[PDB]
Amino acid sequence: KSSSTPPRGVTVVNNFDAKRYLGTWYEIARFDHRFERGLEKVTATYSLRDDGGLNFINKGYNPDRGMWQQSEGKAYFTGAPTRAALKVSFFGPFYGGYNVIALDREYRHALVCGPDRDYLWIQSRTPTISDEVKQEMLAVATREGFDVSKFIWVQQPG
C-alpha cells in the first residue's frame, strides 16, 4: 500500500474545513518513531498556502540535548479538500536533489548543486578555505552557468 493513503479500513473526516484547522495544536500523545523519540512540549502550527496546500511548523524540546528543535513541511489533499487525507513533504536545505559537480582527490572540498542553477553550495571538511580554493570553485561554477553573485558566504569559526 501507498505511504500517502490511510490505513486499510480506517475512515477519514469527510466535511473538513482547513480554514478552522489553522494555527497551533499541542501533541497530547504519539506512537513513537525515531524523529519524535524523547521530544517534550511538542506543537504543530498549520497555515494555508497560496496553492491550496497546508504549511506546517513542528516545535519540540529535546531534554537529552537541552534545546528546542523545529521541522517544516507542507501537506496536500490527495482528493477533495473536504476529505482530510493529505500527502506530506518536509522542507530542508537540499531541495529535490543533491549532485556533486566538483570534488578534489582527497575529499576535502566539494561543489554541490540541486535540480537547477538556483541551487548551489560550497562544502568543506574545514570551516574556512583558502582564496585559491574559493577561486577554483567559483571558476567551475561560472563555467557551468551558475550566477556566483547569488552566493551567501556563511559565518564560520576562525
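In case it trips you up, residue 1 is the first one in the sequence shown, and so on.
Between the stretches 88 to 96 and 123 to 131, it is 88 to 96 that shows the larger average CA temperature factor.
A summary of the deposited B-factors shows that, of 51 to 59 and 110 to 118, the stretch with the larger mean C-alpha value is 51 to 59. Sort the modelled residues of the chain by CA B factor and residue 29 lands in the lowest third. In the deposited entry, the Cα temperature factor of residue 39 sits in the top third of values across the chain's modelled residues.
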